[PDB]
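Asker: Pasting an experimental structure, sequence included:
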Amino acid sequence: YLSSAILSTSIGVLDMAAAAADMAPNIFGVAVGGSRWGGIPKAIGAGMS
Amino acid sequence: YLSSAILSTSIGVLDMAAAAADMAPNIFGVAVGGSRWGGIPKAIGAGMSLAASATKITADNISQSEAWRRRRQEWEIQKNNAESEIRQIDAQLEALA
Amino acid sequence: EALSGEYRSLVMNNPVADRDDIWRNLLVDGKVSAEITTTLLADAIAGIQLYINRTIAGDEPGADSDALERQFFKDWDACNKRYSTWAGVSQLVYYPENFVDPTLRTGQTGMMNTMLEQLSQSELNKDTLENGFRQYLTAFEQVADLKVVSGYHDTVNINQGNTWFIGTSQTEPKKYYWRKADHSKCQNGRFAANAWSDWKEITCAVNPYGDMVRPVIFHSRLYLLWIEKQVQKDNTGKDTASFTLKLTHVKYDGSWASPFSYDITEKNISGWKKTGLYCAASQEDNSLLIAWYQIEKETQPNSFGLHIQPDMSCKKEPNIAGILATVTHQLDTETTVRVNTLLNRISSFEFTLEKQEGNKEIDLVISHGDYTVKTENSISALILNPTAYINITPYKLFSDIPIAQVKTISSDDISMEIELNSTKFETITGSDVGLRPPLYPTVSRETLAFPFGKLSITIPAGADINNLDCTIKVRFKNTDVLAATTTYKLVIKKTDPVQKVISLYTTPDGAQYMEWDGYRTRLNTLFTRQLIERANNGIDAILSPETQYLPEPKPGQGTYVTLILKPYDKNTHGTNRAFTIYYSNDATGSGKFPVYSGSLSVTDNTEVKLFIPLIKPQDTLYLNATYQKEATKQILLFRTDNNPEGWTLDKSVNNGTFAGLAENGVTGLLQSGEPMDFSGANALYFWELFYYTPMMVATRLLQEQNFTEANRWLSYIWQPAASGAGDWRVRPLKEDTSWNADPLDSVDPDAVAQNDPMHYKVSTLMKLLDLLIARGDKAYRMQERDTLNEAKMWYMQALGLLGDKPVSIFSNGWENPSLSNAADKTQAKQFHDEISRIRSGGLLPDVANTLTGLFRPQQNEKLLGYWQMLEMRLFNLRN
Amino acid sequence: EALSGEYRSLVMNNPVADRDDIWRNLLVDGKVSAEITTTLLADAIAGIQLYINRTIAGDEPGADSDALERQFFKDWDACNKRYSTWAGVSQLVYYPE
Amino acid sequence: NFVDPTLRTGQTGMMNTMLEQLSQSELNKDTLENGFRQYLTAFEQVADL
Amino acid sequence: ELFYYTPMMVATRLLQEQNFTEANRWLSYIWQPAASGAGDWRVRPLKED
Amino acid sequence: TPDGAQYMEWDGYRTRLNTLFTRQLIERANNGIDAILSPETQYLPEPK
Amino acid sequence: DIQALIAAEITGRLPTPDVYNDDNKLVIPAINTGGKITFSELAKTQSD
Amino acid sequence: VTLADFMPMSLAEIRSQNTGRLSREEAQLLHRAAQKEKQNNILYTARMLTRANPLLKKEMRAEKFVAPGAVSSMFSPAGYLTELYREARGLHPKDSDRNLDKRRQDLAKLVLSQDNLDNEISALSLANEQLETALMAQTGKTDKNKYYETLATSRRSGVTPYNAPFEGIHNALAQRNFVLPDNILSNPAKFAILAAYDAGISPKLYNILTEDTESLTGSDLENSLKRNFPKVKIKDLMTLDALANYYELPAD
C-alpha cells in the first residue's frame, strides 16, 4: 500500500511534463498551431486527483 | 485477484505503444504535424497508475488470504476447545459410573 | 545495612553518602533481598556493564574519550550492551544460516519482490506457481537484455570512484536504466560482484536523438542528459528540424525530475551528421560543461559548448573547441564510444605537512578543507585542531571558568598568516568566529576545532598564473601563553594526466565490455538469447545445471590462458606463498598489468585461468609472475593469422616457462567462449534466478504445507547423489563462488553467505531438514499405523542427512584462566597477527593448533535443536 | 538389546558399531517398544523403503546408477515413495472418474 | 507535559504526510528511510523557492 | 522540522509500536550523552537556545 | 545576490528570504540520514 | 554420560574417595579430537 | 604486526598516539587498513570453521567445537565478560580513583571456570563479601568474628551499633513468638532492660539511649558529641539528606 501511494504521487511530474510538451505547436506550414491551451490546468487537476 | 493484478500490469506495454504511435504526425499536406508531444510522459504516468492499482489489488489479495488463515486459526482453537470438552465430559461420565 | 554504613563511614570517608553511592562506586547492589541469586560471572558482567554505562553517560568523569570513541562502545547500545545482542551479533559471522531468511533479503531485486508478492497467498498450486515464474522470467529477460549506451566516470583517476552507466532495453520504445560500478571494490581489473548496483529504471520519458544520452554526477547527484530532435516546417515550404537539450536528475525519493530544456538548434547542428554529446562536471566553478560536437574519422571538427549553473541556467561557453581539445581522449569517434570523467582542475594543490611545529606539546595541525583559485585570487577553508589535554601545570584542579596561565577567555587566540610571494596577510579568528571552543571539558585529551570561513585570500598579483605560483608557505600561530605555531607550504602546480581513456565496445557477436586502462569488464550477458530455447521445456529445464553452464563470447580480442603452477618450493618462490601473475604487450618498459593474484598451493598444482585482452591498437602478449623471491621472465604469446582463438602455444626462442609452472600444462588457449559468470556484473540476476528463486519458492511452499512441491523445488538446488556427497545443482554452490568481497560492512547474514556460499549450502540443507521434519510431523499426527511407519521414515531420512551427532568434548585444553589473563591485548594481537600472516601466506603454518584464539568455536545450537528434535520424535515413535 | 550387541560383535565383526547400524544394515528397527505392532507385509515394505531411500541418498554405495536413473525412482519422492501416493497414482489410469 | 511530538499546531504538510506514512505498525528501516527520503524531497522543493 | 521535529516524531512513533533499539537511534540524533557532565545536544538551536 | 541569496531590502534593513541550504544538503544526503541530521549539516554557511 | 564420568575422573575427584592404590603408579586417560582416549601414567619413590 | 596493534584502537586513539609520527591523514589510512584487515581475518577464520559443519562433512579444520553453554565457547558469558573487561579496564587511568581494577580488585583475579559460570550464589552474600574484604583491609584485622565483635560496640554510623549475636538471639526468639518481659521466670526488678531487649535493642544501643544528653553542657557536651559522632562532622551532617543517609531513614 505504501509503494502504491508513492507511485500514485510520483506521476504528477510526468503528467505535467506531458502538458508542458503539449503546449508547443505541432502543426507547421501555412497553418501553424496545435498547442493545447488547457493542457496545464488539466494536468494540475490530474495531479490533484 | 491475481489474474486481475497481472492484467493490470500487462497493459502498460499497450499504453506506451499507443503513445509511441501517436508521436508520429497525422496531419499531412500544406500544414504538417499532429504529433502528441506529451503522449509518452502521459503513458509512463498511466503505466505507473496501473502498477499502483495492481499493487493495491495484490495487497488486498494477501490481506484476504491472511484473514482466512486467521479464521482457520480461530477454528482450530474452537475445535480444540470442543475436543477437550469431550475428554472432560468422558472423564465426567467415568466419575459418574 | 550495617556493613554499608560503616563502609562509607570508614573507606569512602563520607558518612553522609547515600547507600546507592556504594552501588555506583563498588558495582554491586546491596539492597537486594537474600533470595536474589545470581552466578558469579553474571555478577561480574552486571558490574562491568553498570560501570560502562555510567562512564559512557558521564557519571564517571575522567574517562578516556578516545577509547569511548571506539567501535565497541559506538555499537554499545545497539549490540554490545546486553549479552543477548552481543552473542546474537557475534554468531552472525559464523552461522548466518541461522538468520538467513530465504524470502526477505537485502538488495532483493524488484523482480523477486513482485514474485514473492504473488506467492504470498495460501493456494500455491502449480498454475500460480508457474505463472509467477513466467512473469519473473519475463522481467528477468528484460533486465538481462540491457545494452549499455553510455557512461560517465565519477573521479578523474579511472581506478577510483564510480562509473555510472546508462543502459537501454531491446524494446520499442526503449526504456533507459542506470547502474553504477564502484571502483573501490576493483583490484586487478576484477570488479567484486557487489561493486555493481542493480539496473534501476529511469522513469522520465527520455527520447534521445542518434543515441545521445549521458549520465553525469553534478554535486553528487546523478543527472541524465540527452538531445532531442523534433521535425518541423517553416512558414515557407522548407521543412526544418529543431533540436533541444534536455536535462533531468534523480530526486531523493528516486523519482526523476521533470526535464529542463534548452533550445540548441543554431544553423550548424542541423548541418552535422553523426554528432555526439559530451558532459562533465567541474571541480572548479561548480557547473556542467555540456558540449555537442561533430563526428568524423577524427573527433570534433566543430563543437558547441554550454555551461549550466546549479540554478540550471544556460551560459554559452564561447570557446569550447579549446576545452574539448584537452579531453579529446574521452570523446566519441565514428567507431568508438568512450565514457567521460570529470574535468581536471587546472592546478593541483599540494600541502607539505610541516616545516616547524614549535611547542611540541600541542600538536597544532591544520587541515585545508576546500581549496581553489577564482579568476584572480585563491580561496581556502581552514580548520585548526590542538591537543588541550591533562597536565597543564600547576594544578588546582577544581574548576575551569571558560602563578599560572590563562584559565579564562581565549579570544582571538588563533590566527592564520599566509605568506605570499613577497607580502603576507594576517587574519585572526577574533575577526572570523564568535564561537570559541572552551578549554572545558577539562577531562583529558579532548581536542578542539577552530573553523575558518572561506578565506578568500587576496591577492596573487604580479605572479605567473600558474607558472611559478608556488607561494613560499602558509603559516599560522595559536598565540597564547604556552602555545605555538606551525607552517605549511602551498605547492600549486599545473598538471595534465593525459589519455587515461575508458571506452565501451560491443563485439560483433553481441558481447559488450568496458575496456579501461589495461583490462576489460564484461557489461552485458548473452544468457537470454540461449535461455529462450530452454524455457519452452519448462522450469525443470530452465533451472537445470546445463542452463548454468551456458557459454558466452569472449570480450573483444584476446586469449584465454590456463596457467598451471607447481606447489610451493621455498627456493623458486621465496618465503611468501603468495603470487601474482602479470601480462604485458610488451614494449618492455611499457608497464604490465596485474591480472591475477592468489596464494600458491602446497603439495598441489594450482591452476589459474585468465583472459588476456589485446588492447595495443604478430600480436604479442607477455605473461609474468611475481613471488616473494623475484619477478620471473616473460612468456611470449603471439599469433600469425587473424584467427580469433589462434594464439601460438609455446612461442619463440624464449623457454616458455616462468620456472613456476615447469610443466607441459599452460595451454587452455582455444575456447572462444567462457561459461556464464556468477561473480561478474550480472551476478545478482543469475544468483536470483538460479538460487534465490527456488529457495524462496521452496520456503514459501514449506509454509502453507505443500511438502511434495517444496521438495520438488528444493531438488532444483540440491539433490542426493548415489555417491557419498550430495549433488549440488546450482553452479556457484557446486564450485564455491564468492560474490561479495566486503560482507562485514553491514549486519546482514546474506552478505556473509554471499561472500562464502558454503553458508548457502548449509541454509539449503537446513531448509531440507525443516521439510523432512515437517513431513514427518504431518504423517505422525495422522496417528494410524502405516502413517506412523511413514513418519519414522521421514525422521530417519532427516537423521541420515544430519549424519553422526558431534560428541561435545569437556576434557579439553581449556584451563580456567583468570579474567586478566583472558583479556590481554597481547592475546588478541598475537592471534590476529598469526592469522594475517597465514592469510597472506607469509609461510606455511606452524604444523596447526589454534585457529580462533583462547575461546573455542561453538556448535550451531540450531543444528543441535534438529538433533534433539529428531531424537525426541524417534523416541516417541519407538515407544 | 543383548541380541543386538552380540549380533554386531559376531556377525558384523564390529563390536563398537552403533545399534542403529543394525537398523541400517538389516532394515528393521530393534529399539521399538514391545507394543508397536505391524503386519508382516508392512514390515517388509518399510524395510525395502528404507533400503531404497538409503541407496538413493548415497548411504549405500555401489548402487546401479543406471537403475537409479529409472522412471520408478525418478518419480520416487513424488509418487512411489509412499504406499498412499503409489496407490493413488496407479488408480488414476483405471478410475479417473 | 502537553507537547505531543506527533501532533503540533502549524505542522507542515510535509510532516503531515510523513507521519501518515509512519502510522502503520511495521516500521522497519526500509519504510523508515523511504518516508524520510520522501519528506526530504518535499523539503528540498520548499527550500528551493 | 527537519532537524528536531522529524526525529522526535519518528522516535515517538517507534517508541509506540515498541521499537526500542531504533527509537534510541533516532533520539540519539537529538541528544547524546557526553563524556563530560552535561549532555551533548545535537540540534543546533537547542544547543544554543 | 550573484551567489544565490535573496533578500527583501526595506527601509534600512535586509531580510533574507530564501536559503541555500539545499544546494549543500545534496552532498551530505548521499551518506544517509546519519549525515543529514548531524550537527555539521546544521552549521552550514550562507552567503551574506 | 560416559564422557561425564571420564571428565570427572580426569579433572574432578574420581574414583571416590582416593586413587593411586596400584603399586605406587597412576594411569589417567586423556581425550582429544573427540575420537580417541590416550593414556599417561605416573610413578613415585619408596618414601615414608 | 603493525596493522594488528591498531585493530582495537579507534581513530582518535591512533591520532593521539605518536602525535609527532603519524600525520592526520596517515592515521586515518592506517585506521581504515587496520579495520579492513580485522574484518578479513575474522572472515578467514569463520570460513575455515564453517568447513567443519556437520552437514557438510560428506563433502570434505574440525579441531575443537564446544557445546553451547560451555564456558570456553566464544559466545558464552565468559567470552562476553572477557570482551567487556578488555574494553572497560582501560577507560580511566590506573592512578585514577575510578579505575575499574582499582575499584574492584577481585575482577582481574576472577577465574573463568565452568563452576563459576554455572554455580548459583546469593547476590547479597556477594555484596557482603565485597564490603567485608574492604572493611577488614581498613581495620587491619583478618579475623571476621573479631571484626564483628569490634563492630558490635562501635557507633561510627547511624546503623552500626549492632550485634551479630544479639540480633540472632532476638530473631530466633521472636520466631518462637516468645516475649521476654512476660516470663514468670525473671527478675521483675529487671523489667526495663528486658522490655528493651524485647523491643530489640543492642546493649550498646541501650548505653546510647540511656545517656543524659538533655541538660549536659560544657566540655562534657564536646565529649558526648565526640563519642556519639566519631566519624561524621556535625556540620556536614546537619542537612536533611545527610540525616536521612546517616540513619538510613527516609528523607521525607
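Answerer: Received it, and whenever you're ready, just let me know what you need. Numbers count the residues shown, from 1 in each chain, chains lettered A, B, ... in the order given.

Asker: and residue I:187, what is it in contact with?
Answerer: Contacts for residue I:187 (Cβ atoms under 8 Å, 6 or more residues apart in numbering or on different chains) come out as none. Every residue, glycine included, has its C-beta placed from N, CA and C.

Asker: Please apply the same query to residue I:101.
Answerer: Counting by Cβ under 8 Å, 6+ apart, residue I:101 touches I:89, I:94, I:107, I:108.

Asker: Which pair of the residues you listed spans the longest distance?
Answerer: I:94 and I:107 (13.8 Å; Cβ to Cβ).

Asker: Which one of those two is surrounded by more residues?
Answerer: residue I:107 (22 against 10; other Cβ atoms under 10 Å in any protein chain shown).

Asker: how far away is the more buried one from chain E?
Answerer: Distance, residue I:107 to chain E, by Cβ to the nearest Cβ, to the nearest Å: 37 Å.

Asker: Could you verify my assumption that that residue touches residue I:85?
Answerer: Yes - at 6.7 Å, residue I:107 and residue I:85 qualify as touching, with contact defined as Cβ atoms under 8 Å.

Asker: Report the set of residues contacting both of these two.
Answerer: C:48, C:819, C:820, I:100.

Asker: Please work out how many residues are found near the third one.
Answerer: Think residue C:820. Neighbours of residue C:820 (other Cβ under 10 Å): 16.

Asker: what about the closest residue to it other than its chain neighbours, distance to chain D?
Answerer: Of all residues not flanking residue C:820 in the chain, residue I:108 sits nearest, at 3.8 Å (Cβ to Cβ, 6 or more residues apart in numbering or on different chains). According to Cβ to the nearest Cβ, residue I:108 and chain D sit 47 Å apart.

Asker: How about residue I:167?
Answerer: 60 Å.

Asker: just to revisit the earlier point, compute the number of surrounding residues for the residue nearest to residue C:820.
Answerer: Residue I:108: 15 surrounding residues under other Cβ under 10 Å.

Asker: Surely it is in a strand?
Answerer: No - looking at residue I:108 with DSSP: H, G, I helix; E, B strand; the rest coil, it is coil, so not inside a strand.

Asker: so who does it touch?
Answerer: C:818, C:819, C:820, I:89, I:101.

Asker: Pick out whichever of those sits closest to chain E.
Answerer: Lowest distance from chain E to the contacts of residue I:108 (Cβ to the nearest Cβ) belongs to residue I:89, with 34.3 Å.

Asker: Isn't that closest one up against residue C:825?
Answerer: No - between residue I:89 and residue C:825 there is no contact under Cβ under 8 Å: 10.0 Å.

Asker: Is residue C:424 bridged to anything, and to what?
Answerer: Note on residue C:424: beta-bridge partners by DSSP bridges are residue C:419.

Asker: What count of nearby residues applies to it?
Answerer: Neighbours around residue C:424, by other Cβ under 10 Å: 13.

Asker: got it, and residue C:56?
Answerer: 20.

Asker: quick one: it from residue I:100, how far?
Answerer: Here residue C:56 is placed at a distance of 13 Å from residue I:100 (Cβ to Cβ, to the nearest Å).

Asker: Next: residue C:51.
Answerer: Residue C:51 is 6 Å from residue I:100, by Cβ to Cβ.

Asker: shared neighbours, those two?
Answerer: Shared contacts of residue C:51 and residue I:100, counting by Cβ under 8 Å, 6+ apart, come down to residue I:88.

Asker: Get me the contact residues on chain H for chain B.
Answerer: Not one residue of chain H sits near chain B, judged by Cβ under 8 Å from any Cβ of the partner chain.

Asker: all strands for chain H, in order.
Answerer: Applying DSSP state E to chain H gives strands spanning H:26-32, H:36-42.

Asker: Contact partners for residue 31?
Answerer: By default, I'm working from chain A. Counted by Cβ under 8 Å, 6+ apart, residue A:31 has contacts B:30, B:31.

Asker: could you do chain H instead?
Answerer: For residue H:31, the contacting residues are C:809, C:811, H:3, H:6, H:10, H:37, H:38, by Cβ under 8 Å, 6+ apart.

Asker: can you map out the strands along the stretch 201-350 of chain C?
Answerer: C:216-217, C:222-231, C:241-249, C:260-263, C:275-281, C:288-295, C:299-308, C:314-315, C:337-338, C:340-341 (DSSP state E, counting those that start in this stretch).

Asker: need these in TSV with mean neighbour count and distance to residue I:240, can you?
Answerer: TSV is the format used below for these (neighbours: other Cβ atoms under 10 Å in any protein chain shown; distance: least, Cβ to Cβ, whole Å):
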stretch	mean neighbour count	distance to residue I:240
strand C:216-217	22	67
strand C:222-231	21	67
strand C:241-249	19	67
strand C:260-263	14	73
strand C:275-281	25	69
strand C:288-295	22	72
strand C:299-308	20	73
strand C:314-315	12	76
strand C:337-338	20	83
strand C:340-341	24	74
